[PDB]
């Protein structure tokens, strides 16, 4: 991709394409698929502690941004382009997990229902850190509660995963640029 010719493509997005077009390792894509299906299963059943223990690395950065709408031709206005809906280290994720599990989290009675659909999985090893696995995937996340509340989230996830305790691959970075600027889902209180 030449971003001078493909005028709509960001430098960041062009960099991520190259990562996956280069080398294809079918077995790695299958490892990534398993890892993400298992993570999604733990989250769907609300095993948030198990998720932290089995899927999330101690050095994690878990980040979901929302980008201000700017003119495609904007070249002068220079201030903060985005805010962090999530920008969490391990301890901050732990605070959120404890909030979910607290028996006085009144919002969680009656129990919520989550169903996640993970697709478009791509996996590539880092060029420089042979132990860092880049995984890209898309998620549809369905949250239903209180009879008639239904919220559906849609996102692309740029992850880095690395082998940790016991040789288990764990999430060390998730990055999501959330596609909808104004949320129409009451909140974004779901782990994408």
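Numbering follows the first chain given and starts at 1.
The PDB entry records a higher mean C-alpha B factor for 20-28 than for its counterpart among 176-184 and 20-28. For the pair 72-80 and 94-102, the mean B factor over Cα atoms is greater in 72-80. Per the deposited record, 126 carries the highest C-alpha B-factor of all listed residues (39, 126, 158, 151). Within the group 139, 135, 50, 132, the record's highest C-alpha temperature factor is found at 132. Residue 1 sits in the highest third of its chain by CA B factor, as recorded in the PDB entry. In this PDB entry, residue 143 carries a Cα temperature factor that places it within the lowest third of its chain's modelled residues.
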